[PDB]
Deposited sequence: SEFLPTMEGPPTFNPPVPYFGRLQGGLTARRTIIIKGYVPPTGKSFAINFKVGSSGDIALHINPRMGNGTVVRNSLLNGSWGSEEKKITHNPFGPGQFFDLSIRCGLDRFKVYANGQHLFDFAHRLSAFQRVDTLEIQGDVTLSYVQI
């Protein structure tokens, strides 16, 4: 499983527990927002949505066109405009564990009972490795 280099945005990659996904990217200086979606079919098990406008990192799940409760709590925000980030997402048995630049960012408990990776919006990708 070699890394994909300079994948285009919007990105659509086809995808298990204890496996970690690497995403290196870049936030454009004029960026407003971007999204990273772990989807089944158009349902989203984990929606990661950094918004540079108010500096939030919004997490949620999408079932039947309906969003669940938002999770927003963080101790740091690695997604400032004009900055590069090194993101890792480990799929655990009961939750996602997401790190940014080696520092834990958040955990996300599985709500959905995930074979697709979607990345769209104001972001440039350096490489994605599964």
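Visitor: Residue ranges with no C-alpha coordinates, please: along the deposited sequence, counted from 1, in order.
Guide: In the chain as deposited, 1-8, 24-27, 53-54, 128-131 carry no coordinates.
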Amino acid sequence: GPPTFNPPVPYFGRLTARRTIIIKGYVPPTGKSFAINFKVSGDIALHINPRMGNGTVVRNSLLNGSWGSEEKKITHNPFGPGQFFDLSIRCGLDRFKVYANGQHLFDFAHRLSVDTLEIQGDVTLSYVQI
From here on, numbers count along this sequence of modelled residues.
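If you superpose the two forms and keep the largest set of C-alpha atoms that fall within 1.5 Å, you have the rigid core.
Visitor: C-alpha RMS from this form in 6 other deposited structures of this protein, rigid core superposed: larger for 16-24 or 104-112?
Guide: After superposing on the rigid core, the more displaced stretch in 6 other deposited structures of this protein is 16-24.
Visitor: C-alpha RMS from this form in 6 other deposited structures of this protein, rigid core superposed: larger for 41-49 or 28-36?
Guide: It is 41-49 whose C-alphas lie farther from the shown form in 6 other deposited structures of this protein.
Visitor: Mean CA B-factor: is it higher for 90-98 or for 69-77?
Guide: Comparing averages over the C-alpha atoms only gives 90-98.
Visitor: For the stretches 28-36 and 44-52, which has the higher mean C-alpha B-factor as given in the deposited record?
Guide: Going by the record's values, the stretch with the higher mean is 28-36.
Visitor: Based on the PDB record, which member of 112, 119, 22, 109 exhibits the highest Cα temperature factor?
Guide: 112 has the highest C-alpha B-factor of those listed.
Visitor: How does residue 130 rank on Cα B-factor within its chain, lowest, middle or highest third?
Guide: For residue 130, the deposited C-alpha B-factor lands in the highest third.
Visitor: Place residue 103 in the lowest, middle or highest third of its chain's C-alpha B-factors, as listed in the PDB entry.
Guide: Answer is lowest: the recorded C-alpha B-factor places it there.
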